[PDB]
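What's in query-v4.txt: compact mmCIF, N, CA and C atoms
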# COMPACT_ATOMS: atom_id res chain seq x y z
N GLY A 1 -76.90 -17.56 -90.67
CA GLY A 1 -77.69 -18.71 -90.21
C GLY A 1 -78.18 -19.52 -91.39
N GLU A 2 -78.39 -18.83 -92.50
CA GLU A 2 -78.67 -19.55 -93.76
C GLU A 2 -77.47 -19.22 -94.63
N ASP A 3 -77.02 -20.26 -95.27
CA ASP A 3 -75.95 -20.21 -96.25
C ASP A 3 -76.46 -19.37 -97.42
N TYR A 4 -76.34 -18.07 -97.29
CA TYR A 4 -76.73 -17.15 -98.36
C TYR A 4 -75.96 -17.43 -99.64
N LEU A 5 -74.68 -17.76 -99.53
CA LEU A 5 -73.91 -18.07 -100.73
C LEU A 5 -74.48 -19.29 -101.45
N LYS A 6 -74.93 -20.29 -100.68
CA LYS A 6 -75.60 -21.44 -101.29
C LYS A 6 -76.90 -21.02 -101.98
N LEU A 7 -77.67 -20.15 -101.34
CA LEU A 7 -78.94 -19.72 -101.93
C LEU A 7 -78.70 -18.93 -103.21
N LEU A 8 -77.64 -18.12 -103.25
CA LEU A 8 -77.34 -17.35 -104.45
C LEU A 8 -76.86 -18.27 -105.57
N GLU A 9 -76.09 -19.30 -105.23
CA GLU A 9 -75.70 -20.30 -106.22
C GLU A 9 -76.94 -20.97 -106.81
N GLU A 10 -77.91 -21.32 -105.97
CA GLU A 10 -79.13 -21.92 -106.48
C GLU A 10 -79.97 -20.92 -107.27
N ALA A 11 -79.88 -19.62 -106.95
CA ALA A 11 -80.59 -18.61 -107.72
C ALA A 11 -80.06 -18.55 -109.15
N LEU A 12 -78.73 -18.57 -109.30
CA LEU A 12 -78.15 -18.65 -110.63
C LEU A 12 -78.58 -19.93 -111.33
N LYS A 13 -78.66 -21.03 -110.59
CA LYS A 13 -78.98 -22.32 -111.20
C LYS A 13 -80.39 -22.32 -111.78
N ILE A 14 -81.37 -21.86 -111.01
CA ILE A 14 -82.73 -21.84 -111.53
C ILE A 14 -82.86 -20.84 -112.67
N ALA A 15 -82.19 -19.69 -112.56
CA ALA A 15 -82.31 -18.67 -113.58
C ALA A 15 -81.75 -19.16 -114.91
N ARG A 16 -80.57 -19.79 -114.87
CA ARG A 16 -79.98 -20.27 -116.10
C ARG A 16 -80.74 -21.46 -116.67
N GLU A 17 -81.31 -22.30 -115.81
CA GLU A 17 -82.18 -23.37 -116.30
C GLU A 17 -83.40 -22.79 -117.01
N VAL A 18 -84.02 -21.77 -116.43
CA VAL A 18 -85.20 -21.16 -117.04
C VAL A 18 -84.86 -20.54 -118.38
N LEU A 19 -83.71 -19.85 -118.47
CA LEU A 19 -83.32 -19.25 -119.73
C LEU A 19 -83.26 -20.30 -120.82
N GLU A 20 -82.72 -21.46 -120.49
CA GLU A 20 -82.56 -22.53 -121.50
C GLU A 20 -83.90 -23.23 -121.78
N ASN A 21 -84.77 -23.34 -120.78
CA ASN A 21 -86.00 -24.15 -120.93
C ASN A 21 -87.23 -23.36 -121.37
N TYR A 22 -87.17 -22.03 -121.44
CA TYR A 22 -88.37 -21.23 -121.81
C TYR A 22 -88.07 -20.29 -122.96
N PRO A 23 -87.66 -20.80 -124.15
CA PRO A 23 -87.34 -19.94 -125.27
C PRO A 23 -88.52 -19.11 -125.81
N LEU A 24 -89.75 -19.58 -125.62
CA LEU A 24 -90.93 -18.86 -126.15
C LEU A 24 -91.78 -18.28 -125.01
N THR A 25 -91.20 -18.09 -123.83
CA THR A 25 -91.96 -17.51 -122.70
C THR A 25 -91.21 -16.29 -122.17
N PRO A 26 -91.35 -15.12 -122.80
CA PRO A 26 -90.60 -13.93 -122.42
C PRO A 26 -90.62 -13.53 -120.94
N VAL A 27 -91.75 -13.63 -120.27
CA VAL A 27 -91.78 -13.22 -118.84
C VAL A 27 -90.84 -14.11 -118.00
N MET A 28 -90.75 -15.40 -118.30
CA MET A 28 -89.84 -16.30 -117.56
C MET A 28 -88.39 -15.90 -117.83
N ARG A 29 -88.05 -15.60 -119.09
CA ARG A 29 -86.64 -15.24 -119.42
C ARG A 29 -86.29 -13.88 -118.82
N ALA A 30 -87.24 -12.95 -118.80
CA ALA A 30 -86.99 -11.62 -118.23
C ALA A 30 -86.70 -11.77 -116.74
N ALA A 31 -87.49 -12.58 -116.06
CA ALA A 31 -87.27 -12.83 -114.62
C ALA A 31 -85.89 -13.45 -114.41
N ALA A 32 -85.56 -14.46 -115.20
CA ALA A 32 -84.25 -15.13 -115.08
C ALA A 32 -83.09 -14.13 -115.29
N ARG A 33 -83.14 -13.29 -116.32
CA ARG A 33 -82.03 -12.33 -116.59
C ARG A 33 -81.91 -11.32 -115.45
N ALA A 34 -83.03 -10.87 -114.92
CA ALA A 34 -82.98 -9.90 -113.80
C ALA A 34 -82.37 -10.57 -112.57
N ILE A 35 -82.71 -11.82 -112.31
CA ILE A 35 -82.14 -12.57 -111.15
C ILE A 35 -80.63 -12.73 -111.33
N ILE A 36 -80.17 -13.04 -112.53
CA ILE A 36 -78.71 -13.25 -112.72
C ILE A 36 -77.97 -11.93 -112.45
N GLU A 37 -78.51 -10.81 -112.92
CA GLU A 37 -77.85 -9.51 -112.68
C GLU A 37 -77.93 -9.19 -111.19
N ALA A 38 -79.04 -9.48 -110.55
CA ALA A 38 -79.21 -9.19 -109.11
C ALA A 38 -78.25 -10.03 -108.25
N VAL A 39 -77.97 -11.26 -108.65
CA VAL A 39 -77.00 -12.11 -107.89
C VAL A 39 -75.62 -11.46 -107.97
N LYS A 40 -75.26 -10.94 -109.14
CA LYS A 40 -73.96 -10.24 -109.29
C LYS A 40 -73.92 -9.06 -108.32
N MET A 41 -75.00 -8.30 -108.22
CA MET A 41 -75.03 -7.15 -107.28
C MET A 41 -74.96 -7.63 -105.83
N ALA A 42 -75.66 -8.71 -105.50
CA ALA A 42 -75.63 -9.25 -104.13
C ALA A 42 -74.19 -9.63 -103.76
N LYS A 43 -73.47 -10.26 -104.66
CA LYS A 43 -72.08 -10.67 -104.38
C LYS A 43 -71.14 -9.46 -104.36
N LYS A 44 -71.49 -8.40 -105.05
CA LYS A 44 -70.64 -7.19 -105.07
C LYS A 44 -70.77 -6.43 -103.75
N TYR A 45 -71.99 -6.30 -103.24
CA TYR A 45 -72.25 -5.43 -102.06
C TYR A 45 -72.42 -6.21 -100.76
N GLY A 46 -73.08 -7.36 -100.79
CA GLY A 46 -73.26 -8.19 -99.59
C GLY A 46 -74.38 -7.75 -98.65
N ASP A 47 -75.11 -6.69 -98.97
CA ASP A 47 -76.21 -6.20 -98.09
C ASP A 47 -77.26 -7.29 -97.90
N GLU A 48 -77.62 -7.58 -96.66
CA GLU A 48 -78.56 -8.68 -96.38
C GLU A 48 -79.92 -8.46 -97.06
N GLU A 49 -80.42 -7.23 -97.09
CA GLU A 49 -81.76 -6.99 -97.70
C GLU A 49 -81.70 -7.27 -99.20
N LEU A 50 -80.62 -6.86 -99.85
CA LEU A 50 -80.41 -7.09 -101.29
C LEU A 50 -80.40 -8.60 -101.53
N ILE A 51 -79.66 -9.32 -100.71
CA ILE A 51 -79.57 -10.80 -100.84
C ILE A 51 -80.97 -11.42 -100.70
N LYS A 52 -81.73 -10.98 -99.70
CA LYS A 52 -83.08 -11.54 -99.45
C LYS A 52 -84.00 -11.28 -100.64
N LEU A 53 -83.91 -10.11 -101.26
CA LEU A 53 -84.75 -9.80 -102.43
C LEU A 53 -84.43 -10.76 -103.58
N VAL A 54 -83.16 -11.05 -103.78
CA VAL A 54 -82.73 -11.96 -104.88
C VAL A 54 -83.20 -13.38 -104.57
N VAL A 55 -83.03 -13.83 -103.34
CA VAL A 55 -83.44 -15.20 -102.94
C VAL A 55 -84.95 -15.35 -103.14
N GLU A 56 -85.73 -14.35 -102.76
CA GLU A 56 -87.20 -14.41 -102.93
C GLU A 56 -87.53 -14.41 -104.43
N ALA A 57 -86.86 -13.56 -105.21
CA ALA A 57 -87.09 -13.57 -106.67
C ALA A 57 -86.86 -14.98 -107.22
N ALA A 58 -85.75 -15.60 -106.85
CA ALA A 58 -85.43 -16.96 -107.32
C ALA A 58 -86.47 -17.97 -106.82
N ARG A 59 -86.95 -17.84 -105.58
CA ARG A 59 -87.96 -18.78 -105.04
C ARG A 59 -89.23 -18.70 -105.89
N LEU A 60 -89.62 -17.47 -106.22
CA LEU A 60 -90.82 -17.23 -107.05
C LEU A 60 -90.62 -17.85 -108.44
N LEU A 61 -89.47 -17.61 -109.07
CA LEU A 61 -89.25 -18.15 -110.43
C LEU A 61 -89.20 -19.68 -110.37
N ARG A 62 -88.58 -20.22 -109.33
CA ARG A 62 -88.49 -21.69 -109.17
C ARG A 62 -89.90 -22.26 -109.10
N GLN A 63 -90.77 -21.64 -108.33
CA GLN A 63 -92.16 -22.14 -108.21
C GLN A 63 -92.89 -21.97 -109.56
N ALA A 64 -92.65 -20.88 -110.27
CA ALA A 64 -93.27 -20.68 -111.60
C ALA A 64 -92.87 -21.85 -112.50
N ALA A 65 -91.59 -22.20 -112.52
CA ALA A 65 -91.09 -23.28 -113.38
C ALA A 65 -91.59 -24.65 -112.91
N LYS A 66 -91.62 -24.89 -111.61
CA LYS A 66 -92.00 -26.23 -111.12
C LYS A 66 -93.51 -26.44 -111.20
N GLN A 67 -94.29 -25.44 -110.86
CA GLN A 67 -95.76 -25.59 -110.81
C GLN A 67 -96.46 -25.07 -112.06
N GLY A 68 -95.78 -24.32 -112.92
CA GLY A 68 -96.43 -23.75 -114.12
C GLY A 68 -97.15 -22.46 -113.78
N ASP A 69 -96.89 -21.91 -112.59
CA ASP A 69 -97.55 -20.67 -112.07
C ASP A 69 -96.88 -19.46 -112.75
N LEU A 70 -97.25 -19.20 -113.99
CA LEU A 70 -96.67 -18.12 -114.81
C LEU A 70 -96.80 -16.73 -114.18
N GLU A 71 -97.85 -16.47 -113.41
CA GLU A 71 -98.03 -15.14 -112.78
C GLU A 71 -96.97 -14.90 -111.69
N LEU A 72 -96.39 -15.96 -111.10
CA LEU A 72 -95.25 -15.82 -110.16
C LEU A 72 -94.01 -15.31 -110.91
N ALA A 73 -93.88 -15.56 -112.22
CA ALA A 73 -92.75 -14.97 -112.98
C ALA A 73 -92.81 -13.44 -112.93
N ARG A 74 -94.00 -12.86 -113.03
CA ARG A 74 -94.14 -11.40 -112.90
C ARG A 74 -93.67 -10.97 -111.50
N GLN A 75 -94.02 -11.73 -110.48
CA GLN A 75 -93.59 -11.37 -109.10
C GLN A 75 -92.07 -11.55 -109.00
N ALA A 76 -91.53 -12.60 -109.61
CA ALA A 76 -90.07 -12.84 -109.57
C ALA A 76 -89.34 -11.67 -110.23
N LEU A 77 -89.81 -11.25 -111.39
CA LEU A 77 -89.21 -10.10 -112.11
C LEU A 77 -89.27 -8.84 -111.24
N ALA A 78 -90.40 -8.58 -110.59
CA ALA A 78 -90.51 -7.36 -109.76
C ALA A 78 -89.54 -7.43 -108.58
N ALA A 79 -89.43 -8.59 -107.93
CA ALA A 79 -88.51 -8.74 -106.79
C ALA A 79 -87.06 -8.53 -107.25
N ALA A 80 -86.70 -9.06 -108.42
CA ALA A 80 -85.31 -8.90 -108.89
C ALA A 80 -85.07 -7.44 -109.28
N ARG A 81 -86.08 -6.78 -109.82
CA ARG A 81 -85.93 -5.35 -110.18
C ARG A 81 -85.78 -4.52 -108.90
N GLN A 82 -86.47 -4.89 -107.83
CA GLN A 82 -86.29 -4.19 -106.55
C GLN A 82 -84.88 -4.46 -106.01
N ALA A 83 -84.35 -5.66 -106.22
CA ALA A 83 -82.97 -5.95 -105.77
C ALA A 83 -82.00 -5.05 -106.54
N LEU A 84 -82.18 -4.94 -107.85
CA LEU A 84 -81.29 -4.09 -108.67
C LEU A 84 -81.41 -2.63 -108.21
N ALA A 85 -82.62 -2.16 -107.94
CA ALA A 85 -82.79 -0.76 -107.48
C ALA A 85 -82.14 -0.61 -106.10
N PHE A 86 -82.27 -1.62 -105.25
CA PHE A 86 -81.62 -1.55 -103.92
C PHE A 86 -80.11 -1.42 -104.13
N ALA A 87 -79.55 -2.24 -105.02
CA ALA A 87 -78.10 -2.20 -105.31
C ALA A 87 -77.69 -0.83 -105.86
N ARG A 88 -78.51 -0.24 -106.72
CA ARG A 88 -78.20 1.09 -107.29
C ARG A 88 -78.23 2.14 -106.17
N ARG A 89 -79.12 1.99 -105.20
CA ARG A 89 -79.21 2.91 -104.05
C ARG A 89 -77.97 2.74 -103.17
N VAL A 90 -77.51 1.51 -102.98
CA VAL A 90 -76.28 1.30 -102.18
C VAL A 90 -75.13 2.03 -102.89
N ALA A 91 -75.03 1.88 -104.20
CA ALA A 91 -73.97 2.55 -104.98
C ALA A 91 -74.09 4.08 -104.89
N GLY A 92 -75.31 4.60 -104.85
CA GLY A 92 -75.56 6.06 -104.78
C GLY A 92 -75.45 6.62 -103.37
N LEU A 93 -75.62 5.79 -102.34
CA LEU A 93 -75.61 6.30 -100.94
C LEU A 93 -74.26 6.07 -100.27
N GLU A 94 -73.57 4.99 -100.60
CA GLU A 94 -72.29 4.67 -99.92
C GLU A 94 -71.11 5.10 -100.80
Show me the file's structure as structure tokens.
Amino acid sequence: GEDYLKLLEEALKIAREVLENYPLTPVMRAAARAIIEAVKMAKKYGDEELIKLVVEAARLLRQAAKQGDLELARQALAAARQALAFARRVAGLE
């Protein structure tokens, strides 16, 4: 119902923009790197919950970059880390 592939493309877009635009803000770059790895896992496995975790991580980082809400970068990083752990569980369970 939602073009998840479109949302994942936009997740890569915001993450790579943040990497280039925040050279002296480590929490923003950490969130961006975790989102890029999580998008790769979402495309590898396709699990809807994994995809939703990555999309939410990207939404949080996008808001951090647009509004300057740096504490949302911590939330973005945690959501992307949960996506990676979800992906590792899929690999360990299936």
Residue list as a VMD selection string for point (-89.8, -14.2, -115.3), cut-off 8 Å, only N, CA and C atoms:
chain A and resid 25 to 34 60 to 61 70 72 to 78
Go ahead and save the residues from that selection, with N, CA and C atoms, as a tab-separated table (two decimals), in the frame of the given file.
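Output file out20.tsv follows:
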chain	number	residue	atom	x	y	z
A	25	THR	N	-91.20	-18.09	-123.83
A	25	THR	CA	-91.96	-17.51	-122.70
A	25	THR	C	-91.21	-16.29	-122.17
A	26	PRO	N	-91.35	-15.12	-122.80
A	26	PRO	CA	-90.60	-13.93	-122.42
A	26	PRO	C	-90.62	-13.53	-120.94
A	27	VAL	N	-91.75	-13.63	-120.27
A	27	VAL	CA	-91.78	-13.22	-118.84
A	27	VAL	C	-90.84	-14.11	-118.00
A	28	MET	N	-90.75	-15.40	-118.30
A	28	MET	CA	-89.84	-16.30	-117.56
A	28	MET	C	-88.39	-15.90	-117.83
A	29	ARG	N	-88.05	-15.60	-119.09
A	29	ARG	CA	-86.64	-15.24	-119.42
A	29	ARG	C	-86.29	-13.88	-118.82
A	30	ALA	N	-87.24	-12.95	-118.80
A	30	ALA	CA	-86.99	-11.62	-118.23
A	30	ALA	C	-86.70	-11.77	-116.74
A	31	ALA	N	-87.49	-12.58	-116.06
A	31	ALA	CA	-87.27	-12.83	-114.62
A	31	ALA	C	-85.89	-13.45	-114.41
A	32	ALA	N	-85.56	-14.46	-115.20
A	32	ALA	CA	-84.25	-15.13	-115.08
A	32	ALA	C	-83.09	-14.13	-115.29
A	33	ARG	N	-83.14	-13.29	-116.32
A	33	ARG	CA	-82.03	-12.33	-116.59
A	33	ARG	C	-81.91	-11.32	-115.45
A	34	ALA	N	-83.03	-10.87	-114.92
A	34	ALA	CA	-82.98	-9.90	-113.80
A	34	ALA	C	-82.37	-10.57	-112.57
A	60	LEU	N	-89.62	-17.47	-106.22
A	60	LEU	CA	-90.82	-17.23	-107.05
A	60	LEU	C	-90.62	-17.85	-108.44
A	61	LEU	N	-89.47	-17.61	-109.07
A	61	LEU	CA	-89.25	-18.15	-110.43
A	61	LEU	C	-89.20	-19.68	-110.37
A	70	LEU	N	-97.25	-19.20	-113.99
A	70	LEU	CA	-96.67	-18.12	-114.81
A	70	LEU	C	-96.80	-16.73	-114.18
A	72	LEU	N	-96.39	-15.96	-111.10
A	72	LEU	CA	-95.25	-15.82	-110.16
A	72	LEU	C	-94.01	-15.31	-110.91
A	73	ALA	N	-93.88	-15.56	-112.22
A	73	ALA	CA	-92.75	-14.97	-112.98
A	73	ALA	C	-92.81	-13.44	-112.93
A	74	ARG	N	-94.00	-12.86	-113.03
A	74	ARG	CA	-94.14	-11.40	-112.90
A	74	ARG	C	-93.67	-10.97	-111.50
A	75	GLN	N	-94.02	-11.73	-110.48
A	75	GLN	CA	-93.59	-11.37	-109.10
A	75	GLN	C	-92.07	-11.55	-109.00
A	76	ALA	N	-91.53	-12.60	-109.61
A	76	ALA	CA	-90.07	-12.84	-109.57
A	76	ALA	C	-89.34	-11.67	-110.23
A	77	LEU	N	-89.81	-11.25	-111.39
A	77	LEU	CA	-89.21	-10.10	-112.11
A	77	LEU	C	-89.27	-8.84	-111.24
A	78	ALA	N	-90.40	-8.58	-110.59
A	78	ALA	CA	-90.51	-7.36	-109.76
A	78	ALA	C	-89.54	-7.43	-108.58
Which residues are near residue 2 of chain A? Cut-off 12 Å, only C-alpha atoms, ignore same chain within fewer than 5 positions. Put them as an MDAnalysis selection string.
chainID A and resid 7:8 48 51:52 55
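The gap separating atom CA of residue 43 of chain A from atom N of residue 68 of chain A is 28.7 Å, in Å to one decimal.
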Write out as a PDB file with N, CA and C atoms, in the frame of the given file the residues lying within 10 Å of residue 90 of chain A, counting only C-alpha atoms and excluding same-chain residues fewer than 2 positions away.
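So the final result, stored in part.pdb, reads:
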ATOM      1  N   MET A  41     -75.000  -8.300-108.220  1.00  0.00           N
ATOM      2  CA  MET A  41     -75.030  -7.150-107.280  1.00  0.00           C
ATOM      3  C   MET A  41     -74.960  -7.630-105.830  1.00  0.00           C
ATOM      4  N   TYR A  45     -71.990  -6.300-103.240  1.00  0.00           N
ATOM      5  CA  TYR A  45     -72.250  -5.430-102.060  1.00  0.00           C
ATOM      6  C   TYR A  45     -72.420  -6.210-100.760  1.00  0.00           C
ATOM      7  N   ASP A  47     -75.110  -6.690 -98.970  1.00  0.00           N
ATOM      8  CA  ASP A  47     -76.210  -6.200 -98.090  1.00  0.00           C
ATOM      9  C   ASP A  47     -77.260  -7.290 -97.900  1.00  0.00           C
ATOM     10  N   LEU A  50     -80.620  -6.860 -99.850  1.00  0.00           N
ATOM     11  CA  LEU A  50     -80.410  -7.090-101.290  1.00  0.00           C
ATOM     12  C   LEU A  50     -80.400  -8.600-101.530  1.00  0.00           C
ATOM     13  N   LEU A  84     -82.180  -4.940-107.850  1.00  0.00           N
ATOM     14  CA  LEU A  84     -81.290  -4.090-108.670  1.00  0.00           C
ATOM     15  C   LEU A  84     -81.410  -2.630-108.210  1.00  0.00           C
ATOM     16  N   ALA A  85     -82.620  -2.160-107.940  1.00  0.00           N
ATOM     17  CA  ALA A  85     -82.790  -0.760-107.480  1.00  0.00           C
ATOM     18  C   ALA A  85     -82.140  -0.610-106.100  1.00  0.00           C
ATOM     19  N   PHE A  86     -82.270  -1.620-105.250  1.00  0.00           N
ATOM     20  CA  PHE A  86     -81.620  -1.550-103.920  1.00  0.00           C
ATOM     21  C   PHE A  86     -80.110  -1.420-104.130  1.00  0.00           C
ATOM     22  N   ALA A  87     -79.550  -2.240-105.020  1.00  0.00           N
ATOM     23  CA  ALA A  87     -78.100  -2.200-105.310  1.00  0.00           C
ATOM     24  C   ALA A  87     -77.690  -0.830-105.860  1.00  0.00           C
ATOM     25  N   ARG A  88     -78.510  -0.240-106.720  1.00  0.00           N
ATOM     26  CA  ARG A  88     -78.200   1.090-107.290  1.00  0.00           C
ATOM     27  C   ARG A  88     -78.230   2.140-106.170  1.00  0.00           C
ATOM     28  N   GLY A  92     -75.310   4.600-104.850  1.00  0.00           N
ATOM     29  CA  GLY A  92     -75.560   6.060-104.780  1.00  0.00           C
ATOM     30  C   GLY A  92     -75.450   6.620-103.370  1.00  0.00           C
ATOM     31  N   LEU A  93     -75.620   5.790-102.340  1.00  0.00           N
ATOM     32  CA  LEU A  93     -75.610   6.300-100.940  1.00  0.00           C
ATOM     33  C   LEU A  93     -74.260   6.070-100.270  1.00  0.00           C
ATOM     34  N   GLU A  94     -73.570   4.990-100.600  1.00  0.00           N
ATOM     35  CA  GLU A  94     -72.290   4.670 -99.920  1.00  0.00           C
ATOM     36  C   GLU A  94     -71.110   5.100-100.800  1.00  0.00           C
TER      37      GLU A  94
END
Every residue with an atom at most 7 Å from (-76.2, -14.9, -112.0) (file coordinates; all atoms listed in the file) is what I'm after, so could you write them as a tab-separated table (two decimals) with N, CA and C atoms, in the coordinates of the input?
chain	number	residue	atom	x	y	z
A	11	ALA	N	-79.88	-19.62	-106.95
A	11	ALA	CA	-80.59	-18.61	-107.72
A	11	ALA	C	-80.06	-18.55	-109.15
A	12	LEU	N	-78.73	-18.57	-109.30
A	12	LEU	CA	-78.15	-18.65	-110.63
A	12	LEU	C	-78.58	-19.93	-111.33
A	13	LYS	N	-78.66	-21.03	-110.59
A	13	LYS	CA	-78.98	-22.32	-111.20
A	13	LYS	C	-80.39	-22.32	-111.78
A	35	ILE	N	-82.71	-11.82	-112.31
A	35	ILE	CA	-82.14	-12.57	-111.15
A	35	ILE	C	-80.63	-12.73	-111.33
A	36	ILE	N	-80.17	-13.04	-112.53
A	36	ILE	CA	-78.71	-13.25	-112.72
A	36	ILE	C	-77.97	-11.93	-112.45
A	37	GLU	N	-78.51	-10.81	-112.92
A	37	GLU	CA	-77.85	-9.51	-112.68
A	37	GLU	C	-77.93	-9.19	-111.19
A	38	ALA	N	-79.04	-9.48	-110.55
A	38	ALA	CA	-79.21	-9.19	-109.11
A	38	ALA	C	-78.25	-10.03	-108.25
A	39	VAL	N	-77.97	-11.26	-108.65
A	39	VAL	CA	-77.00	-12.11	-107.89
A	39	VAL	C	-75.62	-11.46	-107.97
A	40	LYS	N	-75.26	-10.94	-109.14
A	40	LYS	CA	-73.96	-10.24	-109.29
A	40	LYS	C	-73.92	-9.06	-108.32
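One finds atom N of residue 53 of chain A at 8.8 Å from atom N of residue 82 of chain A.
Atom pair atom C of residue 46 of chain A / atom N of residue 16 of chain A has a distance of 21.1 Å (rounded to one decimal).
Among the candidates A:89, A:79, A:65, A:71, the residue lying nearest to residue 18 of chain A is A:65 (atoms considered: all atoms listed in the file).
Using only C-alpha atoms, the nearest neighbour of residue 49 of chain A within the list A:9, A:19, A:4, A:69 is A:4.
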As JSON, please: the centre and edge lengths in Å, to one decimal, of an axis-aligned box enclosing every listed atom of segment 26-34 of chain A with 3 Å added on each side.
{"center_x": -86.8, "center_y": -13.1, "center_z": -117.7, "size_x": 15.9, "size_y": 12.4, "size_z": 16.2}
Nearest to residue 22 of chain A among A:64, A:83, A:91, A:42, with distances taken over only C-alpha atoms: which residue is it?
A:64
